[PDB]
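Enquirer: A single structure is presented below for examination.
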Ligand SMILES: *[C@@H]1O[C@H](CO)[C@@H](O)[C@H](O)[C@H]1NC(C)=O
Ligand SMILES: *[C@@H]1O[C@H](CO)[C@@H](O)[C@H](O)[C@H]1NC(C)=O
Ligand SMILES: *[C@@H]1O[C@H](CO)[C@@H](O)[C@H](O)[C@H]1NC(C)=O
Ligand SMILES: *[C@@H]1O[C@H](CO)[C@@H](O)[C@H](O)[C@H]1NC(C)=O
Ligand SMILES: *[C@@H]1O[C@H](CO)[C@@H](O)[C@H](O)[C@H]1NC(C)=O
Ligand SMILES: *[C@@H]1O[C@H](CO)[C@@H](O)[C@H](O)[C@H]1NC(C)=O
């Protein structure tokens, strides 16, 4: 009869015939990932083609129902999600050109091998050939050679491709009623039609700048301390008044500073909280790691894992004969089937990863009651954040003592907390200026603020201004330095890490306040607290049915992303860094003072 | 049978031993509405209606008086004043295959809700919009019977569950489905209380 009833029946018809097809596609993808065989690749491709064609036909049918005559929020949200054209609005020639460009960029990035001129008999790929060199070398010219050679080859190949990519994506976005591709990416956080909880696409950039202005003093002190330590490590290259050299940050692109913990350690003589030897002595299998993680989740009040999870997951490496992707991934295959694909080793990193992926599984299980097209996180940040909070809670010394992995008489003094917090800062705080600068640069490129002939001159100027990292040698417009990273080259959003990082500490403060923890935020464990689990599960059960602002109100009591929990988490470290930086100069100069 | 075309078997002119069903550990749900399982083996009824079908794990809750859902409104409707027992058990071993078992269908759309103990096996195209469907499956016109997907690796809320609903009614005709009466050993030559055939 009415438009709303027609849409509700159509959405029921969609969810019913889309859950089974998604289950077939997901199962084929799982069979490919655990068993890399050519027939499995063919089955995955066939299932993906069927899924894409079915989604195209359902979207085409879905567009015939006008949005303004539907008053139910859930029905309107599902219809809004289905009615997106994507690349379908664009012409077939341009769509095929865009798909070809994406595939060729994927092949160039994945199969890119670069080695030194005059010795070309064998070369090293990015993973793990160049990653190990960037993370472990202490030689200035070798790191400079690797960084410049990889950016030379990858950028010179990818620069015309990126020039075509920006134009095609902007054309598709303007055909889809968006200002640019940046607006298309920012539309994920757009909330419309809810009274008081509305969020605009234009507000996201302003909120990111407002948070980053408060991020900047902590980052400046951390950068000054890292600069002083790198000056100790490399005597002449680093200047007291200038920026850090780009190739010395411990990673290929500068994404994380976690590889500088050895060089920048406050107290090297003091021990770490490594628990690997304790698990090795007691013969802890990967199954025991997942059982301990399950015990942690039942401790906080969340439901335990299904029988299908234990029966169907691959938690050990299969062998030499059977090939599998080693990356840990949580799979929500559909119809209540939740699995974890991880080649779990007896390490602390795998244990924290197991907690993170089981957090992903718990998040997936929570919104199973919701309709099929709303079975996702409220935004891209929450989905990773719920795993990151488990990673934070599991890594605490209190949890390790509780589960028996650490000695009950281990002394937790201030020095271990300072060095652990500095490592967490290098991993978490350090990625924030790089993420913000990259996303702001991409938004300005899509918006047309920066002309094509001035992309790199602005970019380094941004990097000096924001990241405090200077180029080793000037680069002209023949280089394509941003596209050397995995996310940007393969058409992925990058603001998820920034939102995840802020939401992580906001959730951590909310759960710790719920659990009545009375000390420092970093010393908080959320085990044994039913109320914290209930508060988490209230947001977890919603999925994508409700706006992310309402979900954030449900957890932390705020209608917007906040920067105060992050600063509260690193406050002891912030005071320590401020005390230690009295002799040195906080802040950097954008000039070419160290090297150019 | 499928839930849209649930089989009804009338059980009459025999002795119904209900303790065999109750003491089995193979049943996940043995919920009795309007009568208790302990006194079923003693009472006598005119006829027993056994309705049999297969539904999902999450849809077992809807086979009860007063419930709302796809199965209750469009597939199998129970009266509020229902006396009988709903027995359900997991059938992942038999009703699920690796390729997918699509032999079981359910009615997804109907113009009105079903009456109690009604079977609808019509295969007419559902009209969700003002437009005349005209027999063709196009826009706003959907097929009412949708297949079910059963895989052995599915979750417990999506695995197939076989449901048998026993309906007990008493009519003016003499009740012939009686419970087993039992018997003790016979003791002679003593003053005892005898109960021979009532
Ligand atoms: C992996 O694939 C091979 C080759 O098709 C097959 O023999 C083997 O049984 C498969 N193993 C698993 C665990 O699927
Ligand atoms: C919107 O539709 C859902 C069906 O998914 C229904 O449960 C809910 O009550 C509806 N909300 C309103 C306000 O009508
Ligand atoms: C999708 O594209 C069709 C045809 O190009 C157009 O009529 C429709 O309005 C578009 N919908 C959206 C949401 O862009
Ligand atoms: C999960 O929890 C339920 C209820 O607490 C319990 O019956 C079940 O055995 C648990 N599952 C496992 C694998 O222990
Ligand atoms: C740790 O506490 C001791 C005792 O007050 C103090 O002497 C020392 O300076 C502290 N170290 C740091 C890094 O705060
Ligand atoms: C949380 O509960 C478990 C089991 O009840 C207990 O063994 C554990 O010690 C508790 N955690 C703490 C920190 O006491």
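Count begins at 1; order follows the chain as displayed.
Quick check of the header: electron microscopy, 3.0 Å.
Cβ atoms are placed via backbone N, Cα and C, with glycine included.
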Enquirer: With the ranges A:335-339, A:340-344, A:345-349, A:350-354 to choose from, which does Swiss-Prot describe as region 'Interaction with SARS-CoV spike glycoprotein'?
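Expert: Range annotated as region 'Interaction with SARS-CoV spike glycoprotein' by Swiss-Prot: A:335-339.
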Enquirer: Of A:380, A:384, which does Swiss-Prot put in the Zn(2+) site with A:356, A:360?
Expert: A:384
Enquirer: Have a look through A:227, A:255, A:564 and flag the one Swiss-Prot assigns to the substrate site that A:327, A:328, A:497 belong to.
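Expert: According to Swiss-Prot, the candidate sharing the substrate site with A:327, A:328, A:497 is A:255.
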Enquirer: Against chain B, with Cβ pairs under 8 Å, which of the recorded positions A:328, A:356, A:357, A:463, A:524 show up? Give them in sequence order, please.
Expert: none
Enquirer: C-alpha of residue A:304 (N-linked glycosylation site) to C-alpha of residue A:360 (Zn(2+) binding site): distance in Å?
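Expert: The Cα atom of residue A:304 (N-linked glycosylation site) is 13 Å away from the Cα atom of residue A:360 (Zn(2+) binding site).
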Enquirer: Do you know which of the recorded positions A:35, A:304, A:326, A:327, A:463, A:487 end up with C-beta under 6 Å from ligand 1?
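Expert: Listed by sequence, the hits are A:35.
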Enquirer: How far is it from residue A:524 (disulfide bond) to residue A:356 (Zn(2+) binding site), counting Cα to Cα, in Å?
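Expert: Between the alpha carbons of residue A:524 (disulfide bond) and residue A:356 (Zn(2+) binding site) there are 17 Å.
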Enquirer: If you count CB neighbours within 10 Å, which one among the disulfide-bonded residues A:115, A:326, A:524 has the smallest count?
Expert: A:326
Enquirer: Based on DSSP, tally up the residues of the region 'Interaction with SARS-CoV spike glycoprotein' (A:335-339) by helix, strand and coil.
Expert: 0 helix, 3 strand, 2 coil
Enquirer: Which has the fewest other Cβ atoms within 10 Å: A:151, A:487, the recorded positions listed?
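Expert: With the recorded positions A:151, A:487, fewest surrounding Cβ atoms within 10 Å: A:487.
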Enquirer: Does anything in the same chain, at least 6 positions from residue A:72 (N-linked glycosylation site), have a Cβ under 8 Å from its Cβ, and if so what?
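Expert: Residues satisfying the criterion: A:4, A:8.
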Enquirer: Taking the Cβ of residue A:459 (chloride binding site) as the centre, count every other Cβ atom within 10 Å, in any protein chain shown.
Expert: 21
